[PDB]
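A.B. asks: Chains as they are written, first to last, in the numbering used here: chain R, 1 to 76; chain B, 77 to 80; chain H, 81 to 1817; chain C, 1818 to 1967. Structure incoming, see below.
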Amino acid sequence: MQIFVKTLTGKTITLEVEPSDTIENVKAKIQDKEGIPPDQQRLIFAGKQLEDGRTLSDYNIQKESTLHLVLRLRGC
Amino acid sequence: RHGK
Amino acid sequence: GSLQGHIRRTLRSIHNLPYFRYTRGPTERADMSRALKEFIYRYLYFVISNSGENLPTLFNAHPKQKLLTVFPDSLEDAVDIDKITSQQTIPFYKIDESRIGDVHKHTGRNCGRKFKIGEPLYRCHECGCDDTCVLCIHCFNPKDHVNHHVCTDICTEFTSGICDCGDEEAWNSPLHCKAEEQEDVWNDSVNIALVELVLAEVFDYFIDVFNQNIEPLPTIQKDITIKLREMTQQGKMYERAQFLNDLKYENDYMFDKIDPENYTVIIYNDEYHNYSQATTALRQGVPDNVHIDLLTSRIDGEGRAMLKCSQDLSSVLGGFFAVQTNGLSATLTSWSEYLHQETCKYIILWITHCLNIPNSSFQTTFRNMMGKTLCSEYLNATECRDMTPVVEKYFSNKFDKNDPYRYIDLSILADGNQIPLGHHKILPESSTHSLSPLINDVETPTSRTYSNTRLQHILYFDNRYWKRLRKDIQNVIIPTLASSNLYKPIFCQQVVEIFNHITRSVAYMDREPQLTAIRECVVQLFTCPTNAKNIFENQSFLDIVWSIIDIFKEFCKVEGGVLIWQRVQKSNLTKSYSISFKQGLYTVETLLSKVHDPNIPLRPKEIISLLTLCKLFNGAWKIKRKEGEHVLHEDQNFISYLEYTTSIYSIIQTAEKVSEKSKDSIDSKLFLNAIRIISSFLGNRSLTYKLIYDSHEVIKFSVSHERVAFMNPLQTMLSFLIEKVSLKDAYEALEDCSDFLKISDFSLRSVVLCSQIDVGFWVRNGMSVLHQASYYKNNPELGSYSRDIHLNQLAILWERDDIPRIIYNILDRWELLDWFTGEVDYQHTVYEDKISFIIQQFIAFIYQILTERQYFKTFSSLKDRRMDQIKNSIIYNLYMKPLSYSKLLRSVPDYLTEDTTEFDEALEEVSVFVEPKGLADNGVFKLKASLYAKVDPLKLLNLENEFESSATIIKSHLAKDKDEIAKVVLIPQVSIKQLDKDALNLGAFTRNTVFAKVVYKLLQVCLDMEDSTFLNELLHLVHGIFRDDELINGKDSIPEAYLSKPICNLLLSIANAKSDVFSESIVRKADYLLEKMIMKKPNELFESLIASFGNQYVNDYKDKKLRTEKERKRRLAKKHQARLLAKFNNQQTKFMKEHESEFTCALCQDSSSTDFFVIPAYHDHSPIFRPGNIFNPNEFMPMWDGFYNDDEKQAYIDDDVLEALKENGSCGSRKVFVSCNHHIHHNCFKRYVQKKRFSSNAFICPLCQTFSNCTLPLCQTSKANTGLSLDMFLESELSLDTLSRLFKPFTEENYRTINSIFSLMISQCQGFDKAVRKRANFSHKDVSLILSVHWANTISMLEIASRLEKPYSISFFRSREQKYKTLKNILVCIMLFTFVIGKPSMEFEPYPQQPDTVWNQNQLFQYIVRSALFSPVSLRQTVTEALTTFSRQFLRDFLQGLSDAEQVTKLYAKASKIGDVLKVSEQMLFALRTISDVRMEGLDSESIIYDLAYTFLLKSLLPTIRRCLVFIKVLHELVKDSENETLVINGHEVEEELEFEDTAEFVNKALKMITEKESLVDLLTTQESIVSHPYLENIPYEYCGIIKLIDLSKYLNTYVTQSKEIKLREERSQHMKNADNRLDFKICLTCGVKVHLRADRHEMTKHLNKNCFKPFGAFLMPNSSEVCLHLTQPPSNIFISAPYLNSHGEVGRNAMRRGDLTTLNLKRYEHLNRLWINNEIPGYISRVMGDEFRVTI
Amino acid sequence: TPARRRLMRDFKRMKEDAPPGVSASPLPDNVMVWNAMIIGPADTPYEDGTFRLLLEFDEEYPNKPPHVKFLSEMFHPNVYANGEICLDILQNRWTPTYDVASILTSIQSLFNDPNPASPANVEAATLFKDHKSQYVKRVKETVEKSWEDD
Ligand SMILES: [Zn+2]
Ligand SMILES: [Zn+2]
Ligand SMILES: [Zn+2]
Ligand SMILES: [Zn+2]
Ligand SMILES: [Zn+2]
Ligand SMILES: [Zn+2]
């Protein structure tokens, strides 16, 4: 499977992933490509964040689907 | 015995 | 004999001594206090021994500070105060020595070891009989607790307790003591009699002095002040002196103008006033005293304090009259009385001291005699003074001589110093038949025979002691008597006999109620099966219960014809009433918990007293709906009601527990008697009645307008008692004439109120009412809602003759009766627009009544009942989604999770555990597949969730695929299996005509109004009704009521409807009922269908047979969104029309600027560089197969590596570059720093938010037809001059810009060495050398980190893109520096080789990098020279071992034990012998030592080879032809040719690749030409093993359960005052030193400042299961979950909570090691903290 | 002023590559104020809610974070009753790398993961933590109120 990631800068990077890979592996690949550590990355798909413990299959993420990249945040 |  | 007289004389003659006579200031008072302390200890310790000859048995005869005599010579040698005042005496009694290992051995005796502060408590849940039994370290044997939930808790200073070892009743199973696993002078009659006499005289003197200490009594003190004021204003001093003398302590030994003298003023600490108020009161008292505000207040925090003292009584009157200024408890006390009471305080301190004497034989006598004297009758009470006449003479107004309670009300004794009569109450058998609406009539006696012991007097005087003395007396008495099994029953009896006096003292007459001894008395005494049995076997339990009831009964009023408790509204700034209530309820619950015979609490007197206690809170809290203005402030009145009703609910659940566990069953007669009593009390309520029809009568009450309560304890207990017996017996046990609706209507009211507030009908009230409703639901202590449903089911069931009367009353309370009877239309019900939700809740309530038949079921045992309850709660809490253990525990009610074993077993039966998949996620539990058929979404357990969502979720797990999600039907779970015979007819009220009319009207309104809110629940209810009728009435039956009223016509209207109305869920369910309905009675139903619809629909229905509303709302919402998006598009187009369309920097993308980019980086030391040691087969022998963990090996590091870690934090040549590689323009970086008020020396990455303290400029590397192929680098020339050709030709502007930025970076970076800059010869061109050294260190760090992976021969290559990018950036920065500024001169050497200090542990690779960068010769020659020199040096150093005969044999034996030794070929041996030949070995041959040398050399060369390969790869990535390309050397792929090689063929292939020789044989054959570079002289030997954190234990529980058998290096800090028994320690992961926490210096930063690596570290916390990551330069730390995974899969603090077994996870600890080895811990800490770190910068 | 230039870049990014479920556009009079809309994420109580926002940019937006507020009434634990939003992305620790689309995506993702601790709307957080049914009912109420603008 091939998925796309749009960083904060606006450029789109291409990730070659597996439907059974967790979000942590995707974050590690994003760190390798861009440099943002998995501590800071938040992956937004369909307007909602992606939980680290879950896998890519649990969010119905398929080929050519775009997951947005945002730095970690919390409410005030 | 013990007990924004 | 005559010693008693001397003791009495010296104790009563303290005040007459010339030194003690006069008053003194605060500065001279401390010396007097020390003198009194020393005098008392010396005299009492001399006397307590036989003529002073037994002191060496207890104390050290030859201590330090001797030079002088240690022990007193005789009686006069100890009473002589002159030596004490001359400082010629020594503190001999001290035992603070190293020999005190607190080793104790007991067999049969109770340990009684009071817990020292910081010691752990070992509460085994599966072994303790309750939650109070504990154990100390010396007793806890882990061998008895295999697979036990042993919760370990840390003792606090504010909490106290004793070990319970040896108590065969306090533990469910015997526990062999760990100590037991591992001539006499104090026993003879003379010494035991002597110690008994000493203790007896001590206690007699204490009681005598404090019997006359009525001055600080709360009842008299205000009267004291009033009398003194009256006698002072009128000036009658003659009577004042007599009064003061009468109040004064008097003795016959004290002596053998008119105003008195030598009087002081003493204030007593209290919680009335804040410390500021105490200070202002003190300043109002004595303004001219210096430091009175703070120094005196500090003493007030430690008991009591004095503020004035003078011989002139007139001078001290002003201070005594400062009481009324603020109300502080100040009393006027004579100096002699103060001296005597301070002396008694010091004597109590002495008694506490002797309990810590290590002499075991002394303790078994001292404690026994202390128990004997304390529990002995207080003789000499008649002989001693009586203080009753004084208050008789001076306070006759408050002393009614005809009142039997005149003594206790004033907290004084009786005539003859006897314990006075208390407010005893006896409930006569003539007043136990029924529960009176008010307090039941009781008999008050006027004659009691108290034992009148010394212990009783001391406990009675508890309101007269101060805080410190009260604590000392409690700690010296209660643990001592409780531990002693001989005097524990006597202690319990004597505290029960005086229980009423103690309770009244705490309630009405006390100063510090929280300090009273009754709490500890009930904790250590009443929590015992034997003491509870003794209490229950007498009327003492009734006395205690009524004493507690008397406290509650004084705040009740009359409401509804019954006595009801109320919130306290009087003046209780003392706060005593709250403690009184809590203590009484806790005592009642604790006593009921330990009842031996469960029949006892149900006995008439006992049950009436308990019901009287529980009655005051039945309906205590009343709430009314707020109509009108919104609530301004949330009402906090409900807190106390909730707390005390929670206590009562816990009492009832405890009654259930004791009924369940006890084997002796409770006879049904007592159950029926209790049912009769409670039902008779509850049915006597007066309720208004109304008749809607002339033939039916129902209770009239509107929940929306009147006061209604949630908590109804009496109805709950009634439901419990009805459950405990059969239905026929429960009905016959009721009153002769009864109306069950009277008693069940309150429970139905609670249900209706909860449903009304659920739907939002009470939003005009505050959130407090919502909290109350949420507490009533899922009540932690009890199933209140389920019991209300049970009561309503009972009311329905016991009306078999008048069923439709019940339906009207049930439907009346819901306020639906106006709608149902036609008095008002659907839309205009009192609920207004909320009628749909209310009817939804009503349908849920009806279905719960019909279906919830758990209470009428009969199980095999109460264990099965409890297990089924647990399993049902778990099933209904798990089906929504998989849940972690902690979340599931939180959701399930507390009364179900009190037993961990049963909950765990039920969870294992119900769910399947899913292991965690991340590195920090909790393992979740998943509901089984076959258990989804047992879930009913409308049942009571599913109350919180909605119906449609839960229905869809359950149907998802029942359909085999996504097609039949909305096509499957949810069967209602109505069953009659194992059900009571009389309870089968719960479906009678469903089949009645009135309920059929209700159902028909509900379907009709659903159709008419097109409202589907409650239609799904309604169809489920109808399905349940049909299922129940089929179950009861037999096969294919149907209620005739649903036939006469044609709802089948309405079902067709629902089924035969368009998709726009209703949903598939409803239509499929409606169609399902018709097929269910029609197949039973086809002919009788089609007639009714054609009676209205005719033949058109009926024939169409069969033709239709046998062959989403979200989308519609989705369509509308998406159309609206499309319109808004079109508006946005038009706005954007107009804006664009308005302006005519008028290596990348993170801040300004595509800026096209010519300024050069910079890279933020972290530049600091690394703790991975540590020297290795030759002749150590633990390093070079074991081939490393990735990460490991020695669970069985203690983390005892060797000394030299610790020094290496210490030096790594300060040596400047051992730093490493770590960067995120986020390019920024230099001017952009300067602006970002300046606006953010940062500095180039320390900042955070803008795009990355990582801590950075170094910026490295870069340049664009281009391979623009310049050759520079990797083969040219290998074989021709690799010096950095050729490397600099990758840079594009520059301009003078570029030169000046780069020069300026490099100058600024040199002058601003703190990463670069200050010592190197210090050297005068050092120039700005020489910084390139230190940069190259740091880059080599970074390469070494990458190489060392790569050792943790499985394929070490190729790991450094794989999955390290960012690390290699950082390395390439460092190399580019070095090339730019050496190309702009220029190549430096080789003369300078920043780190010259010193004979004693080693600068770099990787000096060989340092020289390799230096030669590759600066020396013009190619890399192959440099690496060949370095490897040859290092191999020859290593061979020379190893082959000169100490002994060639035995030491080498031991080394070879260890090598064979650890790993595999390599055979040496004949030519290989020839080469080694050429390098160095030794023939002095006495072995069979030199082959053994040469094999050892060869294998050690082979594994020593591996790190340098790997670093060289990393260097090759970074060079290749520098000059790669394409953006992505493979690495090929000599025509071969390196990864392919190296991935599958052993440790020797790998070395040979690598030598082929990087050197000029084909193998190690060829490399060694090369000549021995000398080398000029100093780096090759005495090359250090780096650690060739795996560098990682310490080897943590397999189970985290070992560090706390077995903290003493775990061998670990101890931090030199603390490690004193028996720190071995404390668990307040952290384990350092870097070095393994057990660091004890002093709670000081920024979370124990001292271990990082000294004795370990300074810049950062990681400490494991065994008790909290957390790892704290510390960063030094900015003081900061964070907490992360330890790499430990609990059995249930919990992580973090939840893992060690509840004592579950915690196990190490290798993947998580490997992740921690990978975080540590790389310098990511500072960046990790900076990122996690976020803004908190920013403020620190 | 460089602030307006980066705002023009933000507009160019949002015109052609706006994130899904998010739209934004400044007033053609001046770029200093923006109107943005966050469509409620699916499988969320806020689903289909066309929640509107008004973005206020300072004259030094590259460094000073914008003032983000909700115009359509919102019932969220971390959203003030005023309409102000507490986000660590906003206020302190705001990074100069945040495109407007990134801020809008952050706020959109905040909907499904509120922070009950440190509440901005105490009633909203209390209902979210203990009273899920009432919370989701009120969220549906505010969604229906949001649809009414059109
Ligand atoms: Zn146990
Ligand atoms: Zn023991
Ligand atoms: Zn013990
Ligand atoms: Zn820039
Ligand atoms: Zn960064
Ligand atoms: Zn350490």
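We treat Cβ as the ideally placed atom computed from N, Cα and C, and that holds for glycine.
First and last residue of the beta strand (DSSP E) that includes residue 2020(C)?
C.D. replies: One cannot answer for residue 2020(C) here, as it falls past the ends of chain C, which runs 1818 to 1967.
A.B. asks: How many Å lie between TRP546(H) and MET589(H) at the Cα?
C.D. replies: Straight-line Cα distance between these residues: approximately 14 angstroms.
A.B. asks: For ligand 3, which residues count as neighbours when the test is a C-beta closer than 7 angstroms to any heavy atom?
C.D. replies: This selection yields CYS191(H), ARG193(H), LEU215(H), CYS216(H), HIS218(H), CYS219(H), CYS243(H), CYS245(H).
A.B. asks: If contacts are defined as beta-carbon pairs under 8 angstroms, then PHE790(H) and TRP701(H) qualify, I think. What distance do you get, rounded to the angstrom?
C.D. replies: With a Cβ gap of about 7 angstroms, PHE790(H) and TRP701(H) count as contacting.
A.B. asks: Alpha carbon to alpha carbon, how far is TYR123(H) from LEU147(H)?
C.D. replies: Distance between the alpha carbons of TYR123(H) and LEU147(H): 22 angstroms.
A.B. asks: Between the alpha carbons of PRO367(H) and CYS434(H), how many angstroms are there, rounded?
C.D. replies: The straight-line gap from Cα to Cα measures roughly 42 angstroms.
A.B. asks: Counting only Cβ pairs nearer than 8 angstroms, list the residues of chain R close to residue 41(H).
C.D. replies: The question about residue 41(H) has no answer, for chain H in this structure spans 81 to 1817.
A.B. asks: So which residues of chain R does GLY1838(C) contact, with C-beta pairs closer than 7 angstroms?
C.D. replies: Neighbours of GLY1838(C) on chain R, chain order: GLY47.
A.B. asks: Can we count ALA259(H) as close to ligand 2, meaning its CB is less than 7 angstroms from some heavy atom?
C.D. replies: Within the cutoff, so yes.
A.B. asks: Scan the segment 408-457 of chain H and note each continuous beta strand (DSSP E) run of 3 residues or more that stays entirely inside, going in chain order.
C.D. replies: 409-414, all fully within the segment 408-457 of chain H.
A.B. asks: In the structure shown, what three-state DSSP assignment does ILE506(H) receive?
C.D. replies: Strand, per DSSP.
A.B. asks: Residues around ligand 4, please: the ones whose beta-carbon is closer than 6 angstroms to some heavy atom of it, in chain order.
C.D. replies: Qualifying residues, in the order they occur: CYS1225(H), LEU1227(H), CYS1228(H), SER1231(H), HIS1305(H), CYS1308(H).
A.B. asks: Along the chain, where does the alpha helix (DSSP H) containing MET1825(C) start, and where does it finish?
C.D. replies: Per DSSP, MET1825(C) belongs to the alpha helix (DSSP H) from 1819-1833.
A.B. asks: Given that residue 105(R) touches chain C, what residues does it touch there, using C-beta distances under 7 angstroms?
C.D. replies: Since the displayed chain R opens at 1 and closes at 76, residue 105(R) lies outside it and no answer follows.
A.B. asks: Distance, Cα to Cα, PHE479(H) vs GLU472(H)?
C.D. replies: Distance between the alpha carbons of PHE479(H) and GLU472(H): 7 angstroms.
A.B. asks: Measuring only from the beta carbon, is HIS78(B) closer than 7 angstroms to any heavy atom that is part of ligand 2?
C.D. replies: The answer is no for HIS78(B).
A.B. asks: Please say whether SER1332(H) and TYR1242(H) have beta carbons closer to each other than 8 angstroms?
C.D. replies: Yes, they are a contact pair.
A.B. asks: Quick one: list the residues of chain H neighbouring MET1854(C), beta-carbon separation under 9 angstroms, in chain order.
C.D. replies: Here the neighbours are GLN1201, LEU1204, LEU1205, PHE1208.
A.B. asks: Taking only runs that begin and end inside the segment 610-644 of chain H, name each unbroken alpha helix (DSSP H) of 4 or more residues, in chain order.
C.D. replies: The qualifying runs are 620-632.
A.B. asks: Beta-carbon within less than 6 angstroms of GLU777(H)'s beta-carbon, same chain only, minus the 5 sequence neighbours each way: which residues are those?
C.D. replies: Contacts found: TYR769, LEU771.
A.B. asks: Rounded to whole angstroms, what's the CA-CA distance from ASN1288(H) to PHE1249(H)? Just pull it up for me.
C.D. replies: Cα to Cα, the separation comes out at about 7 angstroms.
A.B. asks: For ligand 6, is there any heavy atom lying closer than 7 angstroms to the beta carbon of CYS1711(H)?
C.D. replies: Yes - ligand 6 has a heavy atom lying nearer than 7 angstroms to the Cβ of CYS1711(H).
A.B. asks: Flag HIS186(H) as yes when its Cβ comes closer than 7 angstroms to any non-hydrogen atom of ligand 2, and as no otherwise.
C.D. replies: It does: the Cβ of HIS186(H) is within 7 angstroms (strictly closer) of some heavy atom of ligand 2.
A.B. asks: With a floor of 4 residues, list each alpha helix (DSSP H) that falls wholly inside the segment 229-277 of chain H, ordered by position along the chain.
C.D. replies: Listed in chain order, they are 258-261.
A.B. asks: Please return the same chain residues whose Cβ sits closer than 7 angstroms to the Cβ of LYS637(H), not counting the five positions on each side in sequence.
C.D. replies: Answer for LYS637(H): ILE644, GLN646, listed in chain order.
A.B. asks: Taking the alpha helix (DSSP H) that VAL1054(H) falls in, what are its first and last residues?
C.D. replies: No alpha helix (DSSP H) contains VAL1054(H), which DSSP labels as neither H nor E.
A.B. asks: Buried or exposed for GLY1114(H), going by 16 or more other Cβ atoms inside 10 Å?
C.D. replies: Counting Cβ neighbours within 10 Å, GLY1114(H) comes out exposed, since fewer than 16 surround it.
A.B. asks: Taking a Cβ distance cut-off of 9 angstroms, strictly less, list which residues of the segment 1421-1438 of chain H are near chain D, in chain order.
C.D. replies: Of the chains in the structure shown, none is chain D; the protein chains are R, B, H and C.
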